[PDB]
Amino acid sequence: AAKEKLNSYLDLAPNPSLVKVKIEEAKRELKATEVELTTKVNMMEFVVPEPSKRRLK
Amino acid sequence: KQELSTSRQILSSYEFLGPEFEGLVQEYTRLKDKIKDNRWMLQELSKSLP
């Protein structure tokens, strides 16, 4: 019950002026993740050809 | 007893910063949860190309 309360605070420095900057940075990172959702619809898939592929992750 | 004592001392240092700081913490936690949800949605689409 004590550890679950502390996890809500750990990302924040104990200085109120610096917390306001992190709140505005989180608001810009939200805006950038919305715009990177933009353009990658268009240049859809192009070239290569071919055979027997093994590989990947 | 030792993990309980250490967790209570760190909590008391944040509780000294007053009620306005606790409102700013709640606002940041709500914003960080939304960024995590949006990143998870992007990860599921890219699995569907051969």
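Every number in this text was worked out from the coordinates using simple rules, so none of it is lab data. Don't worry about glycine lacking a Cβ; one is built from the backbone with ideal geometry, like all the others, and counts go over all protein chains shown.
Could you go through the stretch A:22-27 in sequence order and give the Karplus-derived ³J(HN,Hα) for each residue, using 6.51 cos²θ - 1.76 cosθ + 1.60 with θ = phi - 60°, rounded to whole Hz, and x for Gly and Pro?
5, 5, 5, 5, 4, 5
To the nearest Å, what is the center-to-center distance of the stretch B:1-21 and the stretch A:27-51, using C-alpha atoms only?
Spelled out, the Cα-based centre of one part sits 44 Å from the other.
Stretched out fully, how many nm does the piece from residue B:26 to residue B:47 gain, at 0.36 nm a residue minus the Cα gap? Spell out each step's value before the answer.
Values: separation 21, 0.36 × 21 = 7.56 nm, distance 3.42 nm.
Additional length available on full extension: 4.1 nm.
Spelling out what I want: for every residue of the stretch B:16-26, take phi, set θ = phi - 60°, compute 6.51 cos²θ - 1.76 cosθ + 1.60 (Karplus), and round to whole Hz; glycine and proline get x.
6, 6, x, x, 5, 5, 5, x, 5, 5, 4
Determine the dipole magnitude for chain B: charges of +1 sit on the beta-carbon of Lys and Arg, -1 on that of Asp and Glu, nothing else is charged, the reference point is the Cα centre, and the result goes in debye to the nearest 20.
260 debye
Can you tell me the dipole magnitude for the protein assembly as shown around its Cα centre, using point charges on the Cβ only (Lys, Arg +1; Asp, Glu -1), in Debye to the nearest 20?
With only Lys, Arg, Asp and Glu charged at Cβ, the dipole is about 500 debye.
Are there chymotrypsin sites (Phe, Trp or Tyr not before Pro) in chain B that DSSP marks as loop and that have at most 13 other Cβ atoms within 10 Å, and which are they?
On the way: sites: B:14, B:16, B:21, B:28, B:40; in loops: B:16.
Of the chymotrypsin sites (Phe, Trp or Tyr not before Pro), the ones in loops of chain B whose Cβ has at most 13 other Cβ atoms within 10 Å are B:16.
Within chain A, which is the longest segment that contains none of the GluC sites (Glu not before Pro) sitting in a DSSP loop with at most 12 other Cβ atoms within 10 Å? Write out the running numbers ahead of the final one.
Working: sites that count: A:36, A:45.
Longest stretch, sites excluded: A:1-35.
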